[PDB]
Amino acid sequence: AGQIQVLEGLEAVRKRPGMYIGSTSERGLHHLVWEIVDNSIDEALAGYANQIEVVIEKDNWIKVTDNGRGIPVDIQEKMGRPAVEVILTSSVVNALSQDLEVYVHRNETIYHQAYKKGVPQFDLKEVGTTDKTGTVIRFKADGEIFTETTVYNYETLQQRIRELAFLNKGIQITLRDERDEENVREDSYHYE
């Protein structure tokens, strides 16, 4: 019933994405970033993170990294699945991404899962070791949903990131644009 209900949730999001994110315009594209960043901000506000990095990667992938605890990876009684999998398969960003990847740094271990339109492509796997904690989310917006544009506007992101750093003092929030490897821009914000 768990896994069935995941799939039904993906279907509902992809059928009426504007009910979930406001629109499928440029504004809705950018909302995908805000949904992921808000999760990292909550982790900071809970006392566990103080650095968030947003990268616009080649081909308009987005990478969001925080230094929080890492999304949990323990197996749930309820879903029988790792917690990160449950959390990300109920994410609107995941449903509305043609591809999404997570890397969790937790328990001295690096865990990885990938998804397409929210569907896990393989079981969560240990891929390496670490002495840090935190979460990396990378996603590519689905052009089947975002039919006007899939290209992010640096100044739109910059504006709101600076605002979020001013509101959430003590969190360092960095924006980087790597889409043109010959001219990389980086703004980083850290209030008091």
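Throughout, we count residues from 1 along the sequence that is shown.
Set 60-68 against 43-51 and average the Cα temperature factors; 43-51 ends up higher. Here 172-180 and 11-19 are compared by their mean Cα B-factor, and 11-19 comes out higher. When the C-alpha B-factors of 75, 110, 114, 96 are ranked from the entry, the top spot goes to 75. When all modelled residues of the chain are sorted by CA temperature factor, residue 79 is found within the highest third. Ranked against the other modelled residues of its chain, the C-alpha B-factor of residue 144 as given in the entry falls in the highest third.
When the CA B factors of the chain's modelled residues are split into thirds, the value for residue 166 lands in the highest one.
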